[PDB]
**Student:** 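Please find one structure pasted underneath; my questions will follow.
In what follows, chains carry the letters A, B, and so on, assigned in the order in which the sequence lines appear, proteins first and then strands, with residues in each chain numbered from 1.
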Amino acid sequence: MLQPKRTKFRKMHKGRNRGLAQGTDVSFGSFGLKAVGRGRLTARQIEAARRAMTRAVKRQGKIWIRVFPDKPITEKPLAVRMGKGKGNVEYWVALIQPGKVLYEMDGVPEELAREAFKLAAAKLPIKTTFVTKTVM
Amino acid sequence: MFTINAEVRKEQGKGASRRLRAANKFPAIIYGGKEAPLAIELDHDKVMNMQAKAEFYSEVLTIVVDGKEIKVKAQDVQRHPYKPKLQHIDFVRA
Amino acid sequence: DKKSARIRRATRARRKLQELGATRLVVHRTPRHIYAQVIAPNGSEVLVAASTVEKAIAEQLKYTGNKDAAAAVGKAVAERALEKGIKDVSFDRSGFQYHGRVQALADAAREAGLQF
Amino acid sequence: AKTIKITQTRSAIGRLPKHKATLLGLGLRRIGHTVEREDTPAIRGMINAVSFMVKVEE
Amino acid sequence: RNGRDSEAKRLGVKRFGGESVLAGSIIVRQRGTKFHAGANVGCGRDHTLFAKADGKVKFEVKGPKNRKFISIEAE
RNA sequence: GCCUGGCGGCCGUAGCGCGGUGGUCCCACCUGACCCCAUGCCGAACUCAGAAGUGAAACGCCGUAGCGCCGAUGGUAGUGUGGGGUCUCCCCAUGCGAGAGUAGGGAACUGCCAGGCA
RNA sequence: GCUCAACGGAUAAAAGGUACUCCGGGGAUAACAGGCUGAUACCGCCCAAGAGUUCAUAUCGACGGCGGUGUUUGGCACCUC
RNA sequence: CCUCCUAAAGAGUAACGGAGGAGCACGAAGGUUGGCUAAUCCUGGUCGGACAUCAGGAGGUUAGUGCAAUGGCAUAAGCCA
RNA sequence: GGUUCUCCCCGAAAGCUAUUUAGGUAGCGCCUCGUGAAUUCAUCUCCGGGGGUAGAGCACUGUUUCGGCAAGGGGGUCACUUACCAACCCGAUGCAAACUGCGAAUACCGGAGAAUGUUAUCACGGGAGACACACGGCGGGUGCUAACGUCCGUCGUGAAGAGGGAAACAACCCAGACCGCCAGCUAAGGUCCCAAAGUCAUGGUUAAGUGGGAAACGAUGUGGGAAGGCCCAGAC
Ligand SMILES: [Mg+2]
Ligand SMILES: [Mg+2]
Ligand SMILES: [Mg+2]
Ligand SMILES: [Mg+2]
Ligand SMILES: [Mg+2]
Ligand SMILES: [Mg+2]
Ligand SMILES: [Mg+2]
Ligand SMILES: [Mg+2]
Ligand SMILES: [Mg+2]
Ligand SMILES: [Mg+2]
Ligand SMILES: [Mg+2]
Ligand SMILES: [Mg+2]
Ligand SMILES: [Mg+2]
Ligand SMILES: [Mg+2]
Ligand SMILES: [Mg+2]
Ligand SMILES: [Mg+2]
Ligand SMILES: [Mg+2]
Ligand SMILES: [Mg+2]
Ligand SMILES: [Mg+2]
Ligand SMILES: [Mg+2]
Ligand SMILES: [Mg+2]
Ligand SMILES: [Mg+2]
Ligand SMILES: [Mg+2]
Ligand SMILES: [Mg+2]
Ligand SMILES: [Mg+2]
Ligand SMILES: [Mg+2]
Ligand SMILES: [Mg+2]
Ligand SMILES: [Mg+2]
């Protein structure tokens, strides 16, 4: 379950998630899974989609994950009042914008790849779309 | 084979460019040589279908504006972030 | 780095003479020759100069590049300076110590009536 | 000057303070108030600030 | 463990470009020489630039470092 | 007019790099060091007295786009005002409009004084 | 000459209990209930790894995903002191 | 009390918001003159280890600043007398 | 808690600092009255400025995936190798409130100039009130980008604002009520009846009362578009 090895600071501001993505083209494989929607991808979600990818394809090809959950999210536990300091880190998310390639794959045919990503996409909270490598 | 039938842009920038992509045309630009740059608007689906082929980004291409057949190469292409559309093409002369 | 070392060694005094708006009597020294210019506060125009690489004062010297050649250049540039009307200058050693050839040149210009 | 005609078309109630001072510099006091102003870039630029709420006859 | 802060120092530029200052007028309050002192500008102990002459504030980039300098041009 | 040196402007289209090139002069190394002065050891540096030697090093000039640097047009992003929506985000009208990048440029330019060959 | 550090420093000099309690007040501020919210909870669904002798989907449904209810624990402090 | 962020490119700007410091030190660690310029790695070298000291090279401040952090600092504000 | 006749003009604040202070008070801010005085003030245009935010980017600070070029450790041999590991560097891919080799729009300071505005400005003085704010938009912290939640900034409204609209609805949309009128034009919003005004015109869409509450996902619903494979060597 992906997570930064070390971070400069423990807790990050909520921030906002505006704009189109960077990492919009397939860069390492022949095929990829691209986000259409916007929203946070948690580390558990990324591992589950990856688990479903690597099983739809059995020791076949190579898989890349283009997103990293580097943003720490906090939660006050149950029955704590408001304030008294910021909560504790519970999970890690990657902020996702419309356009972001999330995973890439080669070494398999397209049709197996359309099926692998469809199963992975069911694990994610964001609309996605299949995409192919483009020349120039 | 690739013969793009283009028109010249009368107004430029963001409003004008968005107005085009809402009308199934997209902006583009021709540069290179010592001629000045030439801003063209293309029909989207026409160019969309042709750049699906592989020999669009490798062979010489020709763009007709005002009757004049201008030969070019595809140089850079701005794709939509999350759709199979086109925002902008850079054509270099050759 | 012997060249650059001197230029960096001269910067503070030089930059300080800019801000004080003072015409500075610059000195350049080589193992052979010695030089002197009276440079205006803009730093971009000479008023008066003298040097041992000439003939008007190099035939009168055993060897250009000694304390007595310096004195000649020092006494020379002050005389040229006092004709043009130039009396108050600031000495710029330009990263050479104020010890021998430079001190000779500067000590002579003092006697010849340059205020520093 | 060519003495252009500016009429106030909308209320100044909820508008920004800069907009309200633009109206004052044009002399516009109420909806329908037509003023006569010398046509200059300065005058043309005040109109552009509050163009949403003024119509101009030339 | 994270509830402390310092009072704010009100640093920065006090007189902008072309602004006619009297001698003594502070021009920049700064931590360090973010701006350096030029003609008729003094650099104080806290590195604040102040005018030595009455005149007009002039910002300029000069030198081989492209450092930012402030000077007073007498009007 | 060409070469050199000093002082500046300008502060990388000015820099690094690479290949070539120059010694009348100037500049550099260089020769020597009782005395001037000097090394927290060293005449290496600083420094003084010099002028056999060399342009090897350096420096300067010339060349070469490997690099750095500069850099459009166009589009993209953002945004002031107004308006609107499916309102955690967006769109419309208008105005402003990047950054990155692409084509492309690019082996600085210029002044004062001095000296030297012509 | 003051960790007058509760740092614009009440006095040189100061801890508690009150269910034996009392007054002034507050819905400016808790406890009950209502209200907003729905993290939690409950209920449902999407993907289906697999279990199910074979067989994903009779039955169950890992990793994860989306909602519904106002329904538990709570959050808030808008009503009522 | 100081520093950064929050803080929306002038200043200022809140939370039992996020992160760290101070309650000193110094007659030199101050003044001035003069001089010098780091870290790190590479190559080679007695005891030498992966790292002491020496020499060169690449590097160019990726160091250093009496103590936090920020902004500064080569004309050094950094090292030496 | 309550504080008793009338009309006319102006008209806040619920902020900062400090307080055994936090529902009190004081100075400042904001109100008013008076006096005095400079294009003093505001808007737009032009000019002069500084930025380091948005966005972007990844040289730096850190963080991240892949690939390439490869020292160095360590299971064993008892130096050879090693299915493990491997930094620096190179190429590619991203992320950042406390990263910036880039960098706006806006806002702010200043100057000039015109129109414009009942001096709108500043100063001194007389009198104050106020220092519980609220919702909405924008930008944010906090919380769950939960709360009619909480804390800042900024604007607007309510507070202290009636009228019309949003069924009803302080804070939203329109719009600022001196009085009177059985006159007229419009705003938002609306025009079949309750209920003032189109059962308006042209072209289409929908068949679900969708409209007139709700997501992932599901599906020969239906409209439109771009192409394209098979097709009278006979296809579905
Ligand atoms: Mg726009
Ligand atoms: Mg106290
Ligand atoms: Mg106190
Ligand atoms: Mg007290
Ligand atoms: Mg009892
Ligand atoms: Mg009682
Ligand atoms: Mg209450
Ligand atoms: Mg409250
Ligand atoms: Mg009740
Ligand atoms: Mg009660
Ligand atoms: Mg600020
Ligand atoms: Mg601001
Ligand atoms: Mg009034
Ligand atoms: Mg207070
Ligand atoms: Mg008063
Ligand atoms: Mg950003
Ligand atoms: Mg980086
Ligand atoms: Mg109070
Ligand atoms: Mg209060
Ligand atoms: Mg408030
Ligand atoms: Mg509230
Ligand atoms: Mg009240
Ligand atoms: Mg009503
Ligand atoms: Mg009517
Ligand atoms: Mg209507
Ligand atoms: Mg009717
Ligand atoms: Mg009809
Ligand atoms: Mg319905």
**Student:** Is there a donor N/O on one and an acceptor N/O on the other, under 3.5 Å, for the side chain of A/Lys5 and the base of I/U63?
**Tutor:** no

**Student:** What's the CZ-P distance between D/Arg30 and I/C178, to the nearest Å?
**Tutor:** 12 Å

**Student:** List the steps, then state whether side-chain hydrogen bond (donor to acceptor under 3.5 Å, both in side chains) holds for C/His33 with C/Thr52.
**Tutor:** CA-CA 6 Å; C/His33 296 297; C/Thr52 47; 3.1 Å; yes

**Student:** If you assign each of C/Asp1 and E/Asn2 to its closest nucleotide in RNA chain H, which residue comes earlier from the 5' end?
**Tutor:** E/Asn2

**Student:** When the P atoms of H/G49 and I/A59 are considered, how many whole Å apart are they?
**Tutor:** 36 Å

**Student:** Would you mind reading off the distance between A/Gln97 atom CD and I/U93 atom P, rounded to a whole angstrom?
**Tutor:** 17 Å

**Student:** Quick one: does C/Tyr63 reach the base of F/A51 with a side-chain donor-acceptor pair under 3.5 Å?
**Tutor:** yes

**Student:** Between F/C96 and F/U76, how far is it from one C1' atom to the other, in whole Å?
**Tutor:** 16 Å

**Student:** Roughly how many Å apart are I/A130 and I/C7, using the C1' atom of each and rounding to a whole number?
**Tutor:** 28 Å

**Student:** Once you round it to whole Å, what is the distance between P of H/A76 and CZ of C/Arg8?
**Tutor:** 8 Å

**Student:** When you measure from the side chain of A/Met82, which nucleotide among I/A115, I/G143, I/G94 comes out closest?
**Tutor:** I/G143

**Student:** I'd like the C1' distance from I/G156 over to I/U118, given in whole Å.
**Tutor:** 27 Å

**Student:** Would you kindly give the NZ-to-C1' distance between C/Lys67 and F/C36, to the nearest whole Å?
**Tutor:** 4 Å

**Student:** Any N or O donor-acceptor pair under 3.5 Å from the base of F/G6 to the side chain of C/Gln37?
**Tutor:** yes

**Student:** Side chain of A/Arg6 only, please: which of I/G62, H/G71, G/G74 is the nearest?
**Tutor:** I/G62

**Student:** Starting from P on H/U3, measure out to NZ on E/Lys9 and report it in whole angstrom.
**Tutor:** 4 Å

**Student:** Write down the distance between NE2 (D/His19) and P (I/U154), rounded to a whole number of angstrom.
**Tutor:** 18 Å

**Student:** With no hydrogens and no angle check, just 3.5 Å: does a side-chain donor-acceptor pair link D/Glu38 and D/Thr3?
**Tutor:** no

**Student:** Taking atom types as they are modelled, is there a donor-acceptor pair under 3.5 Å from the base of F/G74 to the side chain of B/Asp90?
**Tutor:** yes

**Student:** With a 3.5 Å cut-off and just heavy-atom distances, do the side chain of A/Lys76 and the base of G/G75 make a donor-acceptor pair?
**Tutor:** no

**Student:** Look at the side chain of C/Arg12 and the base of H/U75, then say whether one donor and one acceptor between them are separated by less than 3.5 Å.
**Tutor:** no

**Student:** Starting the side chain at C-beta, find the nucleotide from I/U145, F/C113, I/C109 nearest to A/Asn17.
**Tutor:** I/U145

**Student:** So which one's nearest nucleotide on RNA chain H is more toward 5', C/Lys16 or A/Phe9?
**Tutor:** A/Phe9

**Student:** Is there a donor N/O on one and an acceptor N/O on the other, under 3.5 Å, for the side chain of E/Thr33 and the base of H/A77?
**Tutor:** yes

**Student:** Can a salt bridge be assigned to the pair A/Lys133 and A/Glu104 using a cut-off of 4.0 Å between side-chain N and carboxylate O?
**Tutor:** no

**Student:** Decide, applying a 5.5 Å centre-distance limit and a 30° plane-angle limit (both strict), whether C/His28 stacks on F/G6.
**Tutor:** no

**Student:** State the pairing partner of H/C1; accept Watson-Crick or G-U wobble contacts with both distances under 3.5 Å, and report none otherwise.
**Tutor:** H/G21

**Student:** Considering every strand shown, what is the Watson-Crick or G-U wobble mate of I/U45 when both distances are under 3.5 Å?
**Tutor:** I/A112

**Student:** Check the side chains of A/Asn88 and A/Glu75 for a donor-acceptor pair under 3.5 angstrom, ignoring hydrogens and angles.
**Tutor:** no

**Student:** Mind checking if C/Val48 touches a base, just sugar-phosphate, or nothing, with heavy atoms under 4.0 Å?
**Tutor:** nothing

**Student:** Check if the side chain of E/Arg15 and the base of I/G49 share a donor-acceptor pair of N or O atoms closer than 3.5 Å.
**Tutor:** no

**Student:** Please tell me if C/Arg101 has a side-chain N or O lying less than 4.0 Å from either OP1 or OP2 of F/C36.
**Tutor:** no

**Student:** With rounding to the closest Å, how many angstrom separate the P atoms on F/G68 and F/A103?
**Tutor:** 13 Å

**Student:** How would you label the contact of A/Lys84 with the nucleic acid (heavy atoms, under 4.0 Å): base, sugar-phosphate, or nothing?
**Tutor:** base

**Student:** Roughly, in whole Å, what's the span from CD in C/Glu45 to P in F/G6?
**Tutor:** 20 Å

**Student:** How far does the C1' atom of I/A104 sit from the matching atom of I/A171, given to the nearest Å?
**Tutor:** 35 Å

**Student:** Please report the distance separating the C1' of I/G149 from the corresponding atom of I/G110, rounded so that it comes out in whole Å.
**Tutor:** 45 Å

**Student:** When you measure from the side chain of A/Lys86, which nucleotide among F/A49, G/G74, H/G18 comes out closest?
**Tutor:** H/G18

**Student:** Using atom P of each nucleotide, how far apart are F/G84 and I/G101 to the nearest Å?
**Tutor:** 43 Å

**Student:** Can you see if the side chain of A/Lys14 gets near the phosphate of I/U145 - specifically, an N or O under 4.0 Å from OP1 or OP2?
**Tutor:** yes

**Student:** Let's test this: given Watson-Crick or G-U wobble pairing with both distances under 3.5 Å, identify the partner of G/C45.
**Tutor:** G/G65

**Student:** The side chain of D/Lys18 lies closest to which of these nucleotides: F/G82, F/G75, I/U43?
**Tutor:** I/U43

**Student:** What integer distance in Å separates D/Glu36:CD from I/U116:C1'?
**Tutor:** 13 Å

**Student:** When you check the gap from the basic side-chain N to the acidic O, do C/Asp92 and C/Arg24 get nearer than 4.0 Å?
**Tutor:** yes

**Student:** Considering only side-chain heavy atoms of A/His13, which listed nucleotide, H/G20, H/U37, I/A97, is closest?
**Tutor:** I/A97

**Student:** Do you know the tightest heavy-atom contact between C/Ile7 and C/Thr11?
**Tutor:** O-OG1, 2.9 Å

**Student:** Check the phosphate of H/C73 against E/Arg67, side-chain N and O only, distance under 4.0 Å to OP1 or OP2. Yes or no?
**Tutor:** yes

**Student:** Once you apply the 3.5 Å cut-off to both distances, tell me the Watson-Crick or G-U wobble partner of F/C112, or none.
**Tutor:** F/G6

**Student:** Give the nucleotide from the list I/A42, F/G75, I/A56 with an atom nearest to the side chain of B/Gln12.
**Tutor:** F/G75

